[PDB]
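Experimental coordinates follow, after the sequence.
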Amino acid sequence: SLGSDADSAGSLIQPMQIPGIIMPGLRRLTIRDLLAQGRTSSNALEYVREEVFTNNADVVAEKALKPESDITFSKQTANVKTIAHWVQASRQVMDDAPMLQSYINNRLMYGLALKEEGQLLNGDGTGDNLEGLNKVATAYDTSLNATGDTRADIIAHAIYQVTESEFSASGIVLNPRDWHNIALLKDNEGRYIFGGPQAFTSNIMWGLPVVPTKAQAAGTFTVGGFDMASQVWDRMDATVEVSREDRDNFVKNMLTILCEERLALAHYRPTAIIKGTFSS
Amino acid sequence: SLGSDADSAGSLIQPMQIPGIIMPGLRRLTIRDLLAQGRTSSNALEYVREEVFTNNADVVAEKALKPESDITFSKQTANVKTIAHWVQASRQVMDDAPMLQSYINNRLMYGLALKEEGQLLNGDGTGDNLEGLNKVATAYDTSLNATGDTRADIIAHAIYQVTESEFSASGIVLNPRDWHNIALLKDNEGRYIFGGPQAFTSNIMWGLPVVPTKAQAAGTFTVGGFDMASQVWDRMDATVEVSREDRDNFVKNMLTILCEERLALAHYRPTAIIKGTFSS
Amino acid sequence: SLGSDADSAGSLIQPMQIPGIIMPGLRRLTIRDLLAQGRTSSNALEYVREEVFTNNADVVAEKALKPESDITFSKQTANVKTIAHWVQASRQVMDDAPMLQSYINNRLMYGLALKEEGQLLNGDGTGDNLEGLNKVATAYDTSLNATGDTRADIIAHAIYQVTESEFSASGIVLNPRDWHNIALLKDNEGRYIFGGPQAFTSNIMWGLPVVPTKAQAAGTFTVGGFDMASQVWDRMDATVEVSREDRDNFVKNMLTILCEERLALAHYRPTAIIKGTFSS
Amino acid sequence: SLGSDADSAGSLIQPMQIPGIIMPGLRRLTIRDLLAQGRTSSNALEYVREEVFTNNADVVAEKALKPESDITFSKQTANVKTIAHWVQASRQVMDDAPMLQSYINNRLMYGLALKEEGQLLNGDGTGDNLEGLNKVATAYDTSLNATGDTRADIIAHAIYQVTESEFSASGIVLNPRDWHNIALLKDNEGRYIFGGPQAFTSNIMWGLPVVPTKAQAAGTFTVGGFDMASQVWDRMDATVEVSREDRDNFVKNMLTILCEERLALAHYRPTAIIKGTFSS
Amino acid sequence: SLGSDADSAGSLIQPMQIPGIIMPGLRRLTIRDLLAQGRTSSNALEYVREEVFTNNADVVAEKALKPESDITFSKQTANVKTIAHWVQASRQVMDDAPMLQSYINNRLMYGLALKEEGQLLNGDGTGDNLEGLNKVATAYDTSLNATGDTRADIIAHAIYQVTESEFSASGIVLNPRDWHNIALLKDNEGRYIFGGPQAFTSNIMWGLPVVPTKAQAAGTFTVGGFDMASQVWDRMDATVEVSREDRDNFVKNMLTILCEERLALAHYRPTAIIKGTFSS
Amino acid sequence: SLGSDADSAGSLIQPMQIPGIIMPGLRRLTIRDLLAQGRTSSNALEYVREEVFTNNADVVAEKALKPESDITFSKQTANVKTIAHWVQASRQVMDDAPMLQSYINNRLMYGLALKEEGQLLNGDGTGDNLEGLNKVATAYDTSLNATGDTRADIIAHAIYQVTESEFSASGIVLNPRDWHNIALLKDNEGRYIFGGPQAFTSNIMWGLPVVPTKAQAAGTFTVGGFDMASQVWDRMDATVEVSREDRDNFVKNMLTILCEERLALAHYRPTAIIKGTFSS
Amino acid sequence: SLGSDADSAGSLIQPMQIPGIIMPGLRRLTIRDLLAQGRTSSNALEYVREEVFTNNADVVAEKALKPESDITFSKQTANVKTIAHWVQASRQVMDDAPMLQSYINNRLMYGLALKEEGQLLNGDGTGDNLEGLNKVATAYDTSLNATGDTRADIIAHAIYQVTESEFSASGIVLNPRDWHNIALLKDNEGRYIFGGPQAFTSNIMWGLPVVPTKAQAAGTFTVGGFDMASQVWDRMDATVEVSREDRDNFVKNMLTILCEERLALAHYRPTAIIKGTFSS
């Protein structure tokens, strides 16, 4: 028996080396992928919506006057904004460690997109910040909560609230921590509602997929029909430029690495998104 | 590694653009699909039912006069009512925002059908309105409720009360919220009667399908043999027409978009439908 | 987006009309199907049972006198009865509504077969009534019950009592409502013995099929080896004839629709049928 | 949509009547099929067993007289017996009811076969009777029972006792009642050890088939390696004959119907069968 | 229906008779099939083991002395022993009972193989006895037990101890009685860990198969990597010979039947086998 | 019956021979295959990482001073060490037992790789030892534990702590014993969290695979995204050489078998690995 | 003169032998001969009796309303019984005397016919007995007797009493002794009431036939309209059969000669039959 074991022949086999050094854990991006995408070449977008189906169809006697029914504009603007950050590094460093620039690029790129998510989800609405899902969204109906509901019951309640818009939800966006505490949810007997110790249940709650992003604030939840409520409009892709003469660089032996991007977040159907807060 | 991060290869990929400037949640229609569907070309339907088999068969003494039995009857008329509504729009608005028209169409269409459901289920009966399932239905028998029954037990009792009329139940029409509370029903141990935390149980209770529409008033439940109890008779399919000369219009630079439909709801066997209320 | 809803092109689509108008809940017939069936051309049946094959076969010595045997014991009589009813209808009504006849038939045919079930199960022996399963039945053995048996436990004991006859139980004839309150039977911990809340357990208890007929009195249960214990003898198949001359019909423009049949229920092995009462 | 209801065409369908009048519950014969079967044509069988391989092989000192061994032994005789019974019936009854003839056959037949089971299992062993599994069997070992064993725990111990013989058990012969009460065994949680409410567990305990026969006295159990511990020897298959002239008969307008069979039950290894009592 | 049970035509059918009288339960041989087998034509076997690959490879400073390694050690001898027994029967018996010949063979064969298994497992090591698994085996490590371990927990600890020899375990050899007590192991709630009343769990514990042989002393357990720790060396396959002239045989009309076999049991890696005692 | 006992047909069956004279359980290697591999040809590796992206981007008022950000950096070194051992065997042994050499090689190889794993995981990081996963790793956050968490809960928390780095966990490295004691984890009812007695649960906890290596000291647990947090750099594949003239061999008829290897363990992202202790 | 008396050719003629004994046997009518006779292939008879025919036919003036009439029954059952007896005779005797069997046949039949008459008249109507003429009869009307009138006068009165049934009297059934006396009845002077010895007829009184049977209890008399009011139904004509193997016959050289007959008797009008007692 001549095997690939250590104490056999394994020694004759050389592990394949993977070029270069790798970097901390890279957060997996999401929010963006939940939305509809498309690009533009303008500084802003304009779409138009109707500003109620009154269905009185009913039973009518003979010779009688039948019922009258009815059906029910405003222009909405969505602006493009700019996201970016830059790094200043010495001319020395940069020349002495070649691959350093290559790295700083990949890093600013990511870092940018990271903060990009930030806006798309928790977009303040103040000054320039984008109007993000969580702001636009119609507030959760505290009314639905009932004496003795699990956090899961709420997400459920929320999935419903979306129905009052007349569209179905497409996903649940909880904070990774909250998601965990929900999965390890137990019954009065001490059994796991989602999964006996063997393995964590999948990322599916109430028929919908679950997106656990750190982007989502701890203790805050978002449910909606993303793929049909908002759309991200890219004006300018993420890019990186470098300047030797920026400000007082030439005279300080300094470089400036810049990374920017231009977006626009549109919100067609707000009624299709809901922001809530576990109250415990 | 060649990744999708911005600082890597992400750039090579174009986000997909979602047309439009931000439609609300579109409610899923039902009820109508539970009923038998026919089609007519009259302004009313007439059918005949026995008001009645009076079976007096019994035992008879010798030399005695035997019992007289009888079979019937009454004629029932089902009128064809008309449901519709219209919208008026500026000649200008319509010209300046092209897609606005096709949008208004799809909305009146839906709106119509939405109020249509409204009749079919909770059809008032007043003058011109239709008479709907919930009105025609026979009341739930409070006597079947037993000390300590789960809401589930009730719907069960209900499915039975349909049997007392001698017909098979077809489905259960609960309110989305009520349905939820029923699913998360537990046993004295803490276990889920319908489905452990892994996934919500399917929409099937006591062997019958479960239709959860917001149409069904919160706290109210309807069980019956729909596919055989009532029937919907279509006279004229829902349609959309547009007039630029309608009265004022021409001289006011206005358009009128109209949407109408012609139905008739017939209720053959009311004993086959049941409406009740959970006592909370 | 050119869709199928109202707002779009739905209007162009014509719902298919189901010709005809829809009848109340039709009960599912049984019992009769649990019994052996046969023909006859008499007004009563006479059968013989051992209390007779007198089988004296045995062991015989050499030159010895062999044993004598015989074949026939009790003689039992089962009379043939007559079930029927008629409906008198107008000649005009019958010609003005083509399918009214076809309907009246399936309606009498049914009603007849319905009271037929009635006899077969809860017979009587009184004059013209048939002697049915529940009358012939052997009393349930109260000695089998034990401190703390559930209803189920009883039907179980019952399925056993049928063994003493040395025949296999065939099915369990409970009352629809009892079956229900049996399935929802829980344990000391509160979870459902038959089906949890997922879905109703099938109609199968202790390995045998369960027959729930409203015919079976509430609170009464019948277990037995039906396919072996009794047999239904048909003298005249349920039929329907019509007379335009009956009485003063010819001269009043009336029709008489008659529906009758001639049965006879024989009970060979009563030890094979058990009747009992749930003491709540 | 016309079907087999009483409302549609299920009227044109007349049930098929099963020829002739009925038969009580016919029990399932079993004990026999557990045993080894074979035919003969003799007064009795003789077989030889060791009382005896006397193996004295052992350790031997140097230059000493080695051990003497032997192979045999005793001759065991197993006699053939005769089982039968007859029934006499009047020439009239027989001529008046044509099928009474064939019925008395099927009954004497079954009846014979029934008492056959009787011997095979609980055979007295006295006088002319047969020695049955239960008589020959080695008694259960009370010492195996432990504080708080279930009835199941016992049959388990029983299956082991069969190992002390050095052969594998073949099946478990319990009383229908005892079986039932075992199958419904629960845990301190209220769960069903053999099968949750959905279906009765199959007739298999501790890896062996289970035969529930009324033949087995209530409260008594039999576990053994039937398939090769005992063997049934058939000399004459069950037969039915009829005499018109037996003694009186001709002159008394009588018939004699006889049914006999010839067996022989051999018990090769008794240490292979166990008979015990659930003491509670 | 014309069936082949008792009451119907069953009688026309004659069971087939198996000629001759029959055997006690036959234990199922096992321990042999666990070890590696091989042929030989010697008086004994010799093998060499390290007490050794002394590998000192290491890290070495510059211009420093490399480390010296070596390969080997001890010589181990395994002797070939002889197992057998004979039986003598009369010439007459043997000629008068045909099948006695073959029967006696199969018995001596099995018998031999039985005591063979005996050596393999509990081989004394004394004088002529073989040296078996349980003797060589390294003692269980009492330090692995922990307050409140089930018997199962121990066998687990056991399987691990095998790993401290850097080898995988092959199976678990328990006593049929102990195996039983382990399967019926319960939790603090009263539920069965492997069991659950429906049926006994399979013969698999902690990922390894379980061999339940009576050969294993009650209360003693053996876990190891058999297929790689010891080997059985067959010098002479079990054989049966017969002699008519053996000593004063010819002159006594006697026969002598002999059965012998030649084995050798080698134990390569003892650290791969473990023997323990449940202490309670 | 024709069985395979001794005295039947067992004789026709030839036992399979295990070639050779008596290998112990061969341990399964792992730790290595979890890391990224690549080869080098130097005595050390140098890589550079950010010590820190201090991102201060924020919202800025009109005509107000903007925020200054920075990016770091540190040069990290990783030396390559040497692992090896040797064995010394007699010229005679080696010549008299041909296959001995082959065996010794496969053994040194294995033994080497065994200790190799030892470094990769628990690498002291001290003198000449490698810096192992466990030394580099960031300590488990004791603050995540909550009143009444099971060991399982902890690894769960741990799997989370990896997220704070922004990378996904790759697997869980527990000690074989600890893994066991986790699987047999019970709830407050005594039920098995991972798997009822039927069968052991798969080696998957919280969605991640589980690696049970004896290398991991009992009581210690490691979780991280190995596949890209560290990388193994091979300088010299494990090899085996032989010298006849080493030291004073030639003059002692001795041989020296040497087995060495050259490694280097690089640790890019420590924040992606976590070490902790169960405090029971 | 060739004549047919002894002395001439009378010898040429052989008397015809009456085949069968009814040998003794009086020449008289039988209670049978008086009744109506029929045949049936059944176990019993189901006839109907009239219990009212209101005939208002009359003369009618023209232009005048004519008279209305009306017609109005009871169901009766009459079982078939069996009369028989047998004789055991020597096979030798039966072969040696040929004429002997011929006699025994006729004689056994004659004897049967006597007891037949017995049942037909004094038939108990009880268990196996027939329902005879006397059991049904309406009692004689004492109110018809006149001051001092002969036994004759009474029978005459009875003949009248019949009339009130609407049937004519058919015959008289007296006891032999009684009839003998009634015949020799004289007046106060000596003239015979009947007819002098001149032209004496036979069994004919009051123009009716007379059956003188020892069956008719002394002092009792039966008069009715036999030829129509009641009739005998034969199921099996008197028959003789012989058995050579009857029970222990074959082995004793014996023959068994059986003679049976089976009939039934129905009475359509009791009021047409009258029984009374001579008060003297």
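Received the coordinates, thanks. Numbering: from 1, shown residues only, chains lettered A, B, ... in the order given.

Just give me the neighbour total for the closest residue to residue A:11 other than its chain neighbours.
Sequence neighbours aside, residue F:238 is the residue nearest to residue A:11 in space, at 3.1 Å (criterion: Cβ to Cβ, 6 or more residues apart in numbering or on different chains). Where you see a C-beta, it was placed from the backbone N, CA and C, and this is true even at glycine. The number of residues packed near residue F:238 is 27, by other Cβ atoms under 10 Å in any protein chain shown.

Counting by contacts, list what the helix or strand encompassing residue F:238 packs against.
Following DSSP states H and E, one finds residue F:238 within strand F:236-243. Strand F:236-243 sits against helix F:99-122, strand F:254-263, with contacts defined as 3 or more Cβ pairs under 8 Å, 6 or more residues apart in numbering or on different chains; DSSP states H and E.

can you state the direction angle for the shortest one and strand F:236-243?
Spelled out, that is strand F:254-263. Calculated by axes from the mean of the first three to the mean of the last three Cα atoms, to 10 degrees, strand F:254-263 forms an angle of 170 degrees with strand F:236-243.

do the longest one as well
When the same axes, to 10 degrees is applied, the directions of helix F:99-122 and strand F:236-243 differ by 150 degrees.

Pipe the helices and strands packed on strand F:236-243 into JSON lines and attach distance to residue E:124 per row.
Listed next are the helices and strands packed on strand F:236-243 as JSON lines, based on distance: least, Cβ to Cβ, whole Å:
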{"stretch": "helix F:99-122", "distance to residue E:124": "31"}
{"stretch": "strand F:254-263", "distance to residue E:124": "39"}
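
where do the strands sit along chain A?
A:36-39, A:44-49, A:53-54, A:70-71, A:74-90, A:138-139, A:171-174, A:204-205, A:208-212, A:220-224, A:230-234, A:236-243, A:254-267, A:273-277 (DSSP state E).

So residue A:57 versus residue C:35, what's the distance?
Distance, residue A:57 to residue C:35, using Cβ to Cβ, to the nearest Å: 52 Å.

who's more crowded, these two?
Using other Cβ under 10 Å as the criterion, residue A:57 and residue C:35 rank with residue A:57 on top: 32 against 25.

Neighbours of residue A:77, how many?
Neighbours around residue A:77, by other Cβ under 10 Å: 10.

Next up, the contacts around it.
A:44, A:45, A:46 (Cβ atoms under 8 Å, 6 or more residues apart in numbering or on different chains).

Quick check: beta-bridge partners of it?
Counting by DSSP bridges, residue A:77 forms beta bridges with residue A:46.

separation between it and residue G:38?
113 Å.

same deal with residue A:218?
From residue A:218 over to residue G:38 the distance is 107 Å, taken as Cβ to Cβ.

for residue A:57, same thing?
Separation of residue A:57 from residue G:38 (Cβ to Cβ): 80 Å.

same check, this time on residue A:76
The gap separating residue A:76 from residue G:38 is 108 Å, by Cβ to Cβ.

Mind checking if stretch A:265-273 is in reach of chain C?
No. On the criterion Cβ under 8 Å from any Cβ of the partner chain, stretch A:265-273 is out of touch with chain C, staying 13.2 Å away.

contact partners of that stretch?
Contacts for stretch A:265-273 (Cβ under 8 Å, 6+ apart): A:45, A:47, A:49, A:78, A:119-120, A:123, A:130-133, A:136-138, A:162, A:164-165, A:167, A:169, A:222-226, A:228-233, B:20-25.
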